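Student: This is entry_11.txt (compact mmCIF, N, CA and C atoms).
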# COMPACT_ATOMS: atom_id res chain seq x y z
N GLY A 1 87.92 101.97 115.28
CA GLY A 1 88.33 103.29 114.75
C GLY A 1 89.25 103.16 113.55
N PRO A 2 89.71 104.28 112.98
CA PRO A 2 90.62 104.28 111.82
C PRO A 2 91.98 103.66 112.14
N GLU A 3 92.57 103.02 111.15
CA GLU A 3 93.85 102.35 111.33
C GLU A 3 94.98 103.26 110.86
N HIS A 4 96.02 103.37 111.67
CA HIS A 4 97.15 104.24 111.35
C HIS A 4 98.45 103.45 111.43
N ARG A 5 99.47 103.93 110.73
CA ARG A 5 100.77 103.28 110.75
C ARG A 5 101.62 103.84 111.89
N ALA A 6 102.37 102.98 112.55
CA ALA A 6 103.23 103.41 113.63
C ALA A 6 104.48 102.56 113.71
N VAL A 7 105.63 103.21 113.71
CA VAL A 7 106.90 102.52 113.89
C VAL A 7 107.52 102.92 115.23
N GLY A 8 108.29 102.01 115.82
CA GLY A 8 108.94 102.32 117.07
C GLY A 8 109.71 101.15 117.63
N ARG A 9 110.22 101.32 118.85
CA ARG A 9 111.02 100.31 119.51
C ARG A 9 110.26 99.73 120.69
N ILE A 10 110.24 98.42 120.78
CA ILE A 10 109.51 97.74 121.83
C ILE A 10 110.14 98.03 123.18
N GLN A 11 109.34 98.53 124.10
CA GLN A 11 109.82 98.86 125.42
C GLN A 11 109.67 97.66 126.33
N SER A 12 108.48 97.06 126.32
CA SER A 12 108.20 95.86 127.10
C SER A 12 106.98 95.14 126.54
N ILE A 13 106.94 93.82 126.68
CA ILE A 13 105.80 93.03 126.23
C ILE A 13 104.93 92.62 127.42
N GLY A 14 103.62 92.63 127.20
CA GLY A 14 102.68 92.24 128.23
C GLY A 14 101.79 91.09 127.81
N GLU A 15 100.82 90.76 128.65
CA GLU A 15 99.93 89.63 128.42
C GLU A 15 98.96 89.89 127.27
N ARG A 16 98.38 91.09 127.25
CA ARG A 16 97.46 91.47 126.19
C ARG A 16 97.63 92.93 125.82
N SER A 17 98.66 93.53 126.38
CA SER A 17 99.02 94.89 126.05
C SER A 17 100.49 95.09 126.35
N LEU A 18 101.13 95.93 125.58
CA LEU A 18 102.56 96.12 125.71
C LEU A 18 102.94 97.55 125.39
N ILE A 19 103.96 98.04 126.08
CA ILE A 19 104.39 99.41 125.92
C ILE A 19 105.47 99.50 124.85
N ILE A 20 105.26 100.38 123.89
CA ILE A 20 106.19 100.56 122.80
C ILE A 20 106.59 102.02 122.69
N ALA A 21 107.89 102.26 122.70
CA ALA A 21 108.39 103.59 122.41
C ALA A 21 108.30 103.85 120.92
N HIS A 22 107.17 104.38 120.49
CA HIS A 22 106.94 104.64 119.09
C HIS A 22 107.45 106.01 118.71
N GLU A 23 107.81 106.15 117.44
CA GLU A 23 108.22 107.43 116.90
C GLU A 23 107.02 108.36 116.79
N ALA A 24 107.20 109.49 116.12
CA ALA A 24 106.17 110.54 116.07
C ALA A 24 104.84 110.04 115.51
N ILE A 25 104.91 109.15 114.53
CA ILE A 25 103.70 108.64 113.88
C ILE A 25 103.03 109.74 113.04
N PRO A 26 103.42 109.86 111.76
CA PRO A 26 102.86 110.85 110.84
C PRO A 26 101.43 110.53 110.45
N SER A 27 100.95 109.38 110.89
CA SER A 27 99.58 108.97 110.62
C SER A 27 98.62 109.50 111.68
N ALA A 28 99.16 109.90 112.83
CA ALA A 28 98.32 110.34 113.94
C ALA A 28 98.67 111.76 114.39
N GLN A 29 99.75 112.32 113.82
CA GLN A 29 100.23 113.65 114.20
C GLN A 29 100.56 113.67 115.69
N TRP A 30 101.26 112.63 116.11
CA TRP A 30 101.67 112.46 117.49
C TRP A 30 103.15 112.74 117.65
N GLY A 31 103.61 112.71 118.88
CA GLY A 31 105.03 112.79 119.13
C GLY A 31 105.57 111.44 119.56
N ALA A 32 106.88 111.28 119.50
CA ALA A 32 107.53 110.05 119.93
C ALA A 32 107.43 109.90 121.44
N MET A 33 106.86 108.78 121.88
CA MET A 33 106.62 108.56 123.30
C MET A 33 106.33 107.11 123.60
N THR A 34 106.63 106.71 124.82
CA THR A 34 106.40 105.36 125.28
C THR A 34 104.93 105.15 125.61
N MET A 35 104.23 104.42 124.76
CA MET A 35 102.79 104.21 124.94
C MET A 35 102.43 102.73 124.86
N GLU A 36 101.40 102.34 125.61
CA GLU A 36 100.93 100.96 125.63
C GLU A 36 99.91 100.72 124.52
N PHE A 37 100.05 99.59 123.84
CA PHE A 37 99.11 99.18 122.79
C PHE A 37 98.41 97.89 123.19
N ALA A 38 97.12 97.81 122.91
CA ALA A 38 96.34 96.63 123.23
C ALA A 38 96.45 95.59 122.12
N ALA A 39 96.69 94.35 122.50
CA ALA A 39 96.86 93.28 121.53
C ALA A 39 95.54 92.56 121.26
N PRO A 40 95.36 92.05 120.04
CA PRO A 40 94.19 91.23 119.69
C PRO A 40 94.19 89.90 120.43
N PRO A 41 93.02 89.24 120.55
CA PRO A 41 92.89 87.96 121.25
C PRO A 41 93.71 86.83 120.61
N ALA A 42 94.33 87.12 119.48
CA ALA A 42 95.16 86.15 118.79
C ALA A 42 96.57 86.10 119.39
N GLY A 43 96.91 87.12 120.17
CA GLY A 43 98.20 87.16 120.81
C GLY A 43 99.24 87.84 119.96
N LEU A 44 100.45 87.91 120.49
CA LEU A 44 101.56 88.54 119.80
C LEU A 44 102.50 87.48 119.21
N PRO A 45 103.17 87.83 118.11
CA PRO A 45 104.24 87.02 117.53
C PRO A 45 105.56 87.21 118.25
N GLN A 46 106.62 86.79 117.60
CA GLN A 46 107.97 86.95 118.13
C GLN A 46 108.78 87.85 117.21
N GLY A 47 109.96 88.24 117.67
CA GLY A 47 110.80 89.15 116.91
C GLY A 47 110.42 90.60 117.15
N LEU A 48 109.61 90.80 118.18
CA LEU A 48 109.12 92.11 118.53
C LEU A 48 109.09 92.28 120.05
N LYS A 49 110.15 91.83 120.70
CA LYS A 49 110.23 91.86 122.15
C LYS A 49 110.99 93.10 122.61
N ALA A 50 110.99 93.35 123.92
CA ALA A 50 111.68 94.50 124.49
C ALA A 50 113.12 94.57 123.99
N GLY A 51 113.37 95.52 123.09
CA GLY A 51 114.68 95.66 122.50
C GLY A 51 114.62 95.61 120.98
N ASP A 52 113.50 95.16 120.44
CA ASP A 52 113.31 95.10 119.00
C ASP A 52 112.69 96.39 118.49
N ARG A 53 112.90 96.64 117.21
CA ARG A 53 112.25 97.73 116.54
C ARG A 53 111.36 97.16 115.44
N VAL A 54 110.08 97.47 115.50
CA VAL A 54 109.12 96.89 114.57
C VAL A 54 108.23 97.96 113.95
N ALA A 55 107.59 97.60 112.85
CA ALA A 55 106.67 98.48 112.16
C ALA A 55 105.26 97.92 112.24
N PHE A 56 104.36 98.66 112.88
CA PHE A 56 103.02 98.15 113.14
C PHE A 56 101.94 99.11 112.67
N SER A 57 100.72 98.60 112.65
CA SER A 57 99.54 99.40 112.39
C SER A 57 98.55 99.19 113.53
N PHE A 58 97.89 100.26 113.94
CA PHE A 58 96.96 100.20 115.05
C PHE A 58 95.70 100.99 114.74
N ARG A 59 94.61 100.63 115.38
CA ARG A 59 93.36 101.34 115.19
C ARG A 59 93.08 102.23 116.39
N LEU A 60 92.81 103.49 116.12
CA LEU A 60 92.43 104.42 117.17
C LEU A 60 90.93 104.55 117.22
N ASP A 61 90.35 103.99 118.25
CA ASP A 61 88.92 104.11 118.45
C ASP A 61 88.62 105.46 119.08
N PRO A 62 87.37 105.93 119.00
CA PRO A 62 87.01 107.31 119.32
C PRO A 62 87.27 107.67 120.78
N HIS A 63 87.42 106.66 121.61
CA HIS A 63 87.64 106.86 123.04
C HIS A 63 89.08 107.27 123.30
N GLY A 64 89.94 107.01 122.33
CA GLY A 64 91.35 107.24 122.51
C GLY A 64 92.07 105.96 122.85
N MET A 65 91.54 104.86 122.33
CA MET A 65 92.11 103.54 122.59
C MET A 65 93.03 103.15 121.46
N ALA A 66 94.18 102.62 121.82
CA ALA A 66 95.20 102.27 120.86
C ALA A 66 95.30 100.77 120.74
N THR A 67 94.66 100.23 119.73
CA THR A 67 94.56 98.80 119.58
C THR A 67 95.44 98.33 118.43
N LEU A 68 96.43 97.52 118.76
CA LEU A 68 97.38 97.02 117.78
C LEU A 68 96.70 96.02 116.86
N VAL A 69 97.04 96.07 115.59
CA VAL A 69 96.43 95.18 114.61
C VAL A 69 97.46 94.19 114.09
N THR A 70 98.47 94.73 113.42
CA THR A 70 99.50 93.91 112.81
C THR A 70 100.85 94.59 112.94
N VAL A 71 101.86 93.81 113.24
CA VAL A 71 103.21 94.33 113.37
C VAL A 71 104.19 93.43 112.63
N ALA A 72 105.06 94.04 111.85
CA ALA A 72 106.03 93.30 111.06
C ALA A 72 107.43 93.81 111.34
N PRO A 73 108.42 92.91 111.36
CA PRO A 73 109.82 93.25 111.59
C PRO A 73 110.31 94.41 110.73
N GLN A 74 110.84 95.42 111.40
CA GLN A 74 111.55 96.49 110.74
C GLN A 74 112.98 96.45 111.25
N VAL A 75 113.82 97.29 110.72
CA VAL A 75 115.19 97.35 111.20
C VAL A 75 115.73 98.77 111.07
N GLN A 76 115.44 99.57 112.09
CA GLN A 76 115.89 100.96 112.18
C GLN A 76 115.27 101.83 111.09
N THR A 77 114.38 102.73 111.52
CA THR A 77 113.61 103.60 110.62
C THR A 77 112.89 102.80 109.53
N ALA A 78 112.53 101.56 109.89
CA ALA A 78 111.83 100.63 109.01
C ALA A 78 112.71 100.19 107.84
N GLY A 79 112.86 101.07 106.87
CA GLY A 79 113.62 100.75 105.68
C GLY A 79 113.51 101.84 104.65
N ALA A 80 113.73 101.49 103.39
CA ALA A 80 113.69 102.46 102.31
C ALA A 80 112.28 102.62 101.76
N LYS A 81 111.81 103.85 101.70
CA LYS A 81 110.50 104.15 101.14
C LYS A 81 110.67 104.85 99.79
N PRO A 82 110.01 104.34 98.75
CA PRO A 82 110.08 104.92 97.40
C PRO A 82 109.39 106.28 97.32
In C-alpha cells, what does this structure look like?

Tutor:
Amino acid sequence: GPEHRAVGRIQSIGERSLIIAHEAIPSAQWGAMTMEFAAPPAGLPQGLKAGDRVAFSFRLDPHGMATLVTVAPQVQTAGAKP
C-alpha cells in the first residue's frame, strides 16, 4: 500500500512487530495512539527501543495493515522543518 510518514515514541519492541505511541500522523489523518507496526524480514535497528522517539515511514496496505519500512532517530517532534 501507500507509504506515509509517522513520528512517535517507542512503547515496546517485539520480534517482528512493535507497539509505538505515534503522534497524529498528518499523512494518514489519524490520531495519536499506541499502535503496533510490522517489521520487515531485515529486522529492526537500534536507538529506537522502548523509551526512544523516532521518525519512521510505513506502508498502509488496503487491509489496514501497518507495515514499517524505515525509521530514523528523531529527538522530540523530530526537528526543524523548513

Student: Which value, in Å to one decimal, gives the distance between atom C of residue 77 of chain A and atom CA of residue 15 of chain A?

Tutor: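 Taking atom C of residue 77 of chain A and atom CA of residue 15 of chain A, their separation equals 26.4 Å.
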
Student: Looking only at strand (DSSP E or B) from DSSP on the backbone, list the matching residues of chain A as a PyMOL selection string.

Tutor: chain A and resi 3-12+17-22+33-38+50+52-61+65-73

Student: Would you save the residues of that selection, restricted to N, CA and C atoms, as a short mmCIF file (atom, residue, chain, number, x, y, z; two decimals), keeping the file's coordinate frame?

Tutor:
data_model
loop_
_atom_site.label_atom_id
_atom_site.label_comp_id
_atom_site.auth_asym_id
_atom_site.auth_seq_id
_atom_site.Cartn_x
_atom_site.Cartn_y
_atom_site.Cartn_z
N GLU A 3 92.57 103.02 111.15
CA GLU A 3 93.85 102.35 111.33
C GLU A 3 94.98 103.26 110.86
N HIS A 4 96.02 103.37 111.67
CA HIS A 4 97.15 104.24 111.35
C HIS A 4 98.45 103.45 111.43
N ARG A 5 99.47 103.93 110.73
CA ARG A 5 100.77 103.28 110.75
C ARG A 5 101.62 103.84 111.89
N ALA A 6 102.37 102.98 112.55
CA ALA A 6 103.23 103.41 113.63
C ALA A 6 104.48 102.56 113.71
N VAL A 7 105.63 103.21 113.71
CA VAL A 7 106.90 102.52 113.89
C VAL A 7 107.52 102.92 115.23
N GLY A 8 108.29 102.01 115.82
CA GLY A 8 108.94 102.32 117.07
C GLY A 8 109.71 101.15 117.63
N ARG A 9 110.22 101.32 118.85
CA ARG A 9 111.02 100.31 119.51
C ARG A 9 110.26 99.73 120.69
N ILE A 10 110.24 98.42 120.78
CA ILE A 10 109.51 97.74 121.83
C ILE A 10 110.14 98.03 123.18
N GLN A 11 109.34 98.53 124.10
CA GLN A 11 109.82 98.86 125.42
C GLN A 11 109.67 97.66 126.33
N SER A 12 108.48 97.06 126.32
CA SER A 12 108.20 95.86 127.10
C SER A 12 106.98 95.14 126.54
N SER A 17 98.66 93.53 126.38
CA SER A 17 99.02 94.89 126.05
C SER A 17 100.49 95.09 126.35
N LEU A 18 101.13 95.93 125.58
CA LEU A 18 102.56 96.12 125.71
C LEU A 18 102.94 97.55 125.39
N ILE A 19 103.96 98.04 126.08
CA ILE A 19 104.39 99.41 125.92
C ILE A 19 105.47 99.50 124.85
N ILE A 20 105.26 100.38 123.89
CA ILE A 20 106.19 100.56 122.80
C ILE A 20 106.59 102.02 122.69
N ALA A 21 107.89 102.26 122.70
CA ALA A 21 108.39 103.59 122.41
C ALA A 21 108.30 103.85 120.92
N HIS A 22 107.17 104.38 120.49
CA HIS A 22 106.94 104.64 119.09
C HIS A 22 107.45 106.01 118.71
N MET A 33 106.86 108.78 121.88
CA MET A 33 106.62 108.56 123.30
C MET A 33 106.33 107.11 123.60
N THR A 34 106.63 106.71 124.82
CA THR A 34 106.40 105.36 125.28
C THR A 34 104.93 105.15 125.61
N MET A 35 104.23 104.42 124.76
CA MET A 35 102.79 104.21 124.94
C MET A 35 102.43 102.73 124.86
N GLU A 36 101.40 102.34 125.61
CA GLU A 36 100.93 100.96 125.63
C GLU A 36 99.91 100.72 124.52
N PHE A 37 100.05 99.59 123.84
CA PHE A 37 99.11 99.18 122.79
C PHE A 37 98.41 97.89 123.19
N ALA A 38 97.12 97.81 122.91
CA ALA A 38 96.34 96.63 123.23
C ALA A 38 96.45 95.59 122.12
N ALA A 50 110.99 93.35 123.92
CA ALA A 50 111.68 94.50 124.49
C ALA A 50 113.12 94.57 123.99
N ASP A 52 113.50 95.16 120.44
CA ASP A 52 113.31 95.10 119.00
C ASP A 52 112.69 96.39 118.49
N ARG A 53 112.90 96.64 117.21
CA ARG A 53 112.25 97.73 116.54
C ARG A 53 111.36 97.16 115.44
N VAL A 54 110.08 97.47 115.50
CA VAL A 54 109.12 96.89 114.57
C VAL A 54 108.23 97.96 113.95
N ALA A 55 107.59 97.60 112.85
CA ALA A 55 106.67 98.48 112.16
C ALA A 55 105.26 97.92 112.24
N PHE A 56 104.36 98.66 112.88
CA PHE A 56 103.02 98.15 113.14
C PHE A 56 101.94 99.11 112.67
N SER A 57 100.72 98.60 112.65
CA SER A 57 99.54 99.40 112.39
C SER A 57 98.55 99.19 113.53
N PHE A 58 97.89 100.26 113.94
CA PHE A 58 96.96 100.20 115.05
C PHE A 58 95.70 100.99 114.74
N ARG A 59 94.61 100.63 115.38
CA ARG A 59 93.36 101.34 115.19
C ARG A 59 93.08 102.23 116.39
N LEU A 60 92.81 103.49 116.12
CA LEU A 60 92.43 104.42 117.17
C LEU A 60 90.93 104.55 117.22
N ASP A 61 90.35 103.99 118.25
CA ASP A 61 88.92 104.11 118.45
C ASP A 61 88.62 105.46 119.08
N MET A 65 91.54 104.86 122.33
CA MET A 65 92.11 103.54 122.59
C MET A 65 93.03 103.15 121.46
N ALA A 66 94.18 102.62 121.82
CA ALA A 66 95.20 102.27 120.86
C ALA A 66 95.30 100.77 120.74
N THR A 67 94.66 100.23 119.73
CA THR A 67 94.56 98.80 119.58
C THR A 67 95.44 98.33 118.43
N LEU A 68 96.43 97.52 118.76
CA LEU A 68 97.38 97.02 117.78
C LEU A 68 96.70 96.02 116.86
N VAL A 69 97.04 96.07 115.59
CA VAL A 69 96.43 95.18 114.61
C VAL A 69 97.46 94.19 114.09
N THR A 70 98.47 94.73 113.42
CA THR A 70 99.50 93.91 112.81
C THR A 70 100.85 94.59 112.94
N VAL A 71 101.86 93.81 113.24
CA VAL A 71 103.21 94.33 113.37
C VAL A 71 104.19 93.43 112.63
N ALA A 72 105.06 94.04 111.85
CA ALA A 72 106.03 93.30 111.06
C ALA A 72 107.43 93.81 111.34
N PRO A 73 108.42 92.91 111.36
CA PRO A 73 109.82 93.25 111.59
C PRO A 73 110.31 94.41 110.73
#

Student: Using only C-alpha atoms, which residue out of A:70, A:46, A:57, A:34 lies closest to residue 19 of chain A?

Tutor: A:34

Student: So which one's closest to residue 45 of chain A, A:79, A:18, A:71, A:8? Using only C-alpha atoms, please.

Tutor: A:71

Student: Just to confirm, what's the straight-line distance from atom C of residue 68 of chain A to atom CA of residue 80 of chain A in Å (one decimal)?

Tutor: 23.3 Å

Student: May I have the residues within 7 Å of residue 23 of chain A as an MDAnalysis selection string, using only N, CA and C atoms and disregarding those fewer than 5 positions away in the same chain?

Tutor: chainID A and resid 6:9 30:33

Student: Of the candidates A:13, A:49, A:60, A:65, which one gets nearest to residue 1 of chain A if we count all atoms listed in the file?

Tutor: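 Of A:13, A:49, A:60, A:65, the one nearest residue 1 of chain A, counting all atoms listed in the file, is A:60.
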
Student: Taking (99.9, 98.1, 119.9) as a centre in this file's frame and 8 Å as the limit, can you find every polymer residue with an atom that close, using only C-alpha atoms, and give them as a ChimeraX atom specification?

Tutor: /A:17-20,36-39,56-58,66-69

Student: If you measure from atom C of residue 27 of chain A to atom C of residue 3 of chain A, what distance in Å do you get, rounded to one decimal?

Tutor: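 Distance between the two atoms: 7.3 Å.
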
Student: Which one is closest to residue 55 of chain A: A:75, A:16, A:21, A:29? Count only N, CA and C atoms.

Tutor: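 Of the candidates, the smallest distance to residue 55 of chain A is held by A:75.
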